[PDB]
$ cat protein38.pdb   # PDB, C-alpha atoms (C1' of nucleotides)
ATOM      1  CA  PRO A 491     -27.143-112.916 -16.452
ATOM      2  CA  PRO A 492     -25.136-112.699 -13.244
ATOM      3  CA  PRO A 493     -27.400-111.886 -10.298
ATOM      4  CA  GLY A 494     -28.624-108.301 -10.327
ATOM      5  CA  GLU A 495     -27.773-107.499 -13.948
ATOM      6  CA  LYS A 496     -29.587-107.239 -17.236
ATOM      7  CA  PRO A 497     -29.116-109.893 -19.943
ATOM      8  CA  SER A 498     -26.175-109.298 -22.274
ATOM      9  CA  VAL A 499     -26.054-112.222 -24.732
ATOM     10  CA  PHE A 500     -28.859-113.838 -26.713
ATOM     11  CA  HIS A 501     -29.328-117.148 -28.522
ATOM     12  CA  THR A 502     -31.498-117.473 -31.617
ATOM     13  CA  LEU A 503     -34.470-119.845 -31.439
ATOM     14  CA  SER A 504     -36.616-119.724 -34.586
ATOM     15  CA  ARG A 505     -38.139-117.569 -37.310
ATOM     16  CA  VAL A 506     -41.811-116.603 -37.121
ATOM     17  CA  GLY A 507     -43.673-114.889 -39.941
ATOM     18  CA  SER A 508     -47.361-115.691 -39.506
ATOM     19  CA  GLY A 509     -50.072-114.535 -37.125
ATOM     20  CA  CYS A 510     -50.018-110.749 -37.618
ATOM     21  CA  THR A 511     -52.424-108.665 -39.678
ATOM     22  CA  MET A 512     -51.167-106.112 -42.184
ATOM     23  CA  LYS A 513     -51.880-103.179 -39.862
ATOM     24  CA  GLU A 514     -50.009-104.810 -36.980
ATOM     25  CA  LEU A 515     -47.017-105.451 -39.236
ATOM     26  CA  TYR A 516     -47.079-101.837 -40.431
ATOM     27  CA  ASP A 517     -47.148-100.559 -36.851
ATOM     28  CA  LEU A 518     -44.322-102.898 -35.848
ATOM     29  CA  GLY A 519     -42.249-101.734 -38.803
ATOM     30  CA  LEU A 520     -42.813 -98.101 -37.868
ATOM     31  CA  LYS A 521     -41.817 -98.760 -34.253
ATOM     32  CA  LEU A 522     -38.578-100.575 -35.146
ATOM     33  CA  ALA A 523     -37.765 -98.718 -38.378
ATOM     34  CA  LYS A 524     -35.136 -96.478 -36.788
ATOM     35  CA  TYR A 525     -33.234 -99.236 -34.987
ATOM     36  CA  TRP A 526     -32.652-101.714 -37.825
ATOM     37  CA  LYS A 527     -29.021-102.232 -38.808
ATOM     38  CA  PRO A 528     -27.603-104.105 -41.813
ATOM     39  CA  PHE A 529     -26.182-107.538 -41.043
ATOM     40  CA  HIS A 530     -22.597-108.354 -42.028
ATOM     41  CA  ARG A 531     -21.478-111.975 -41.825
ATOM     42  CA  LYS A 532     -17.814-111.004 -41.436
ATOM     43  CA  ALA A 533     -18.427-108.834 -38.336
ATOM     44  CA  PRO A 534     -21.399-110.322 -36.486
ATOM     45  CA  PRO A 535     -22.600-108.417 -33.415
ATOM     46  CA  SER A 536     -21.518-109.489 -29.950
ATOM     47  CA  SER A 537     -24.953-109.274 -28.320
ATOM     48  CA  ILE A 538     -26.708-111.657 -30.736
ATOM     49  CA  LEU A 539     -25.324-115.156 -31.294
ATOM     50  CA  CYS A 540     -26.539-117.047 -34.357
ATOM     51  CA  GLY A 541     -26.034-120.429 -35.968
ATOM     52  CA  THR A 542     -26.440-121.231 -39.657
ATOM     53  CA  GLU A 543     -29.508-118.967 -39.989
ATOM     54  CA  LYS A 544     -28.707-115.256 -40.037
ATOM     55  CA  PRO A 545     -30.988-112.238 -40.467
ATOM     56  CA  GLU A 546     -30.880-109.621 -43.184
ATOM     57  CA  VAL A 547     -31.128-106.817 -40.598
ATOM     58  CA  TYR A 548     -30.530-106.994 -36.845
ATOM     59  CA  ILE A 549     -31.803-104.795 -34.017
ATOM     60  CA  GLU A 550     -30.127-104.403 -30.652
ATOM     61  CA  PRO A 551     -32.158-106.101 -27.891
ATOM     62  CA  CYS A 552     -32.409-102.871 -25.891
ATOM     63  CA  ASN A 553     -34.776-101.357 -28.489
ATOM     64  CA  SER A 554     -36.799-104.422 -29.519
ATOM     65  CA  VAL A 555     -40.174-105.866 -28.499
ATOM     66  CA  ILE A 556     -41.374-109.054 -26.819
ATOM     67  CA  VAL A 557     -43.591-111.414 -28.814
ATOM     68  CA  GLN A 558     -45.761-114.316 -27.686
ATOM     69  CA  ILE A 559     -45.363-117.471 -29.775
ATOM     70  CA  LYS A 560     -47.707-120.464 -29.854
TER      71      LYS A 560
ATOM     72  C1'  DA B   1     -48.906-127.589 -41.615
ATOM     73  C1'  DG B   2     -50.931-122.412 -39.985
ATOM     74  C1'  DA B   3     -52.804-117.560 -40.494
ATOM     75  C1'  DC B   4     -54.571-113.707 -42.942
ATOM     76  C1'  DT B   5     -56.893-111.585 -47.235
ATOM     77  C1'  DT B   6     -60.306-111.676 -50.993
ATOM     78  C1'  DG B   7     -64.476-113.188 -53.414
ATOM     79  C1'  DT B   8     -69.279-115.095 -53.440
ATOM     80  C1'  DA B   9     -73.587-116.033 -51.488
ATOM     81  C1'  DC B  10     -77.160-115.714 -47.837
ATOM     82  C1'  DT B  11     -80.122-113.751 -43.990
ATOM     83  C1'  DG B  12     -81.856-110.282 -40.747
ATOM     84  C1'  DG B  13     -82.719-105.652 -39.553
ATOM     85  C1'  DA B  14     -83.338-100.471 -40.814
ATOM     86  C1'  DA B  15     -85.819 -97.430 -43.258
ATOM     87  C1'  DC B  16     -89.581 -95.946 -46.056
ATOM     88  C1'  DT B  17     -94.487 -96.161 -47.559
ATOM     89  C1'  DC B  18     -99.454 -97.220 -47.514
ATOM     90  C1'  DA B  19    -103.723 -99.011 -45.235
ATOM     91  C1'  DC B  20    -106.454 -99.180 -41.468
ATOM     92  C1'  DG B  21    -107.911 -97.995 -36.831
ATOM     93  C1'  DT B  22    -108.795 -94.872 -32.861
ATOM     94  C1'  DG B  23    -109.263 -90.482 -30.519
ATOM     95  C1'  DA B  24    -110.843 -85.881 -30.057
ATOM     96  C1'  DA B  25    -113.389 -81.874 -31.763
ATOM     97  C1'  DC B  26    -117.748 -79.242 -34.165
ATOM     98  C1'  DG B  27    -121.855 -76.943 -36.979
ATOM     99  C1'  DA B  28    -126.476 -77.844 -37.621
ATOM    100  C1'  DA B  29    -130.934 -79.909 -36.273
ATOM    101  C1'  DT B  30    -133.933 -81.210 -32.686
ATOM    102  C1'  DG B  31    -135.767 -81.517 -28.090
ATOM    103  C1'  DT B  32    -136.450 -79.546 -23.692
ATOM    104  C1'  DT B  33    -137.122 -75.695 -20.483
ATOM    105  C1'  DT B  34    -138.787 -71.160 -19.165
TER     106       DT B  34
END
$ encode --input "protein38.pdb" --output "structure tokens"
Amino acid sequence: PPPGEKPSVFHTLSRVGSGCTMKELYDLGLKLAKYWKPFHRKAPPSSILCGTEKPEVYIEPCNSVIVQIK
DNA sequence: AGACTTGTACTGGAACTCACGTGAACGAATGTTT
């Protein structure tokens, strides 16, 4: 972002779907359950920028969580 | 590829039980003292 501001736009990197136990996935779902929004290809959100791979449901970055990927 | 879940088998420790040992205590007989 411009100096002294929070990030506004995001660029997709990759899907990850392994490395979490069932309980961790349940807790993550409960945390982010309220903030999921349906994804419409015709009116994509401004904050998230995607290529050919698009999600079924998108969550605004302000309410999401950081994940470590190996 | 990778990561988690499920199923099978194994091994060590907990708990329970019996055998054996040791410690302390005691009534009766005997020996000693007065």
$ interface_residues --input "protein38.pdb" --of "chain B" --to "chain A" --cutoff "8 Å" --atoms "only C-alpha atoms (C1' of nucleotides)" --output "ChimeraX atom specification"
/B:2-4
$ closest_residue --input "protein38.pdb" --among "A:522, A:529, A:496, A:557" --to "residue 544 in chain A" --atoms "only C-alpha atoms"
A:529
$ atom_distance --input "protein38.pdb" --atom1 "CA of residue 501 in chain A" --atom2 "CA of residue 540 in chain A"
6.5 Å
$ resolve_selection --input "protein38.pdb" --expression "the PyMOL selection byres ((chain A and resi 503) around 12)" --output "PyMOL selection string"
chain A and resi 500-502+504-506+538-544+559
$ atom_distance --input "protein38.pdb" --atom1 "CA of residue 555 in chain A" --atom2 "CA of residue 518 in chain A"
8.9 Å
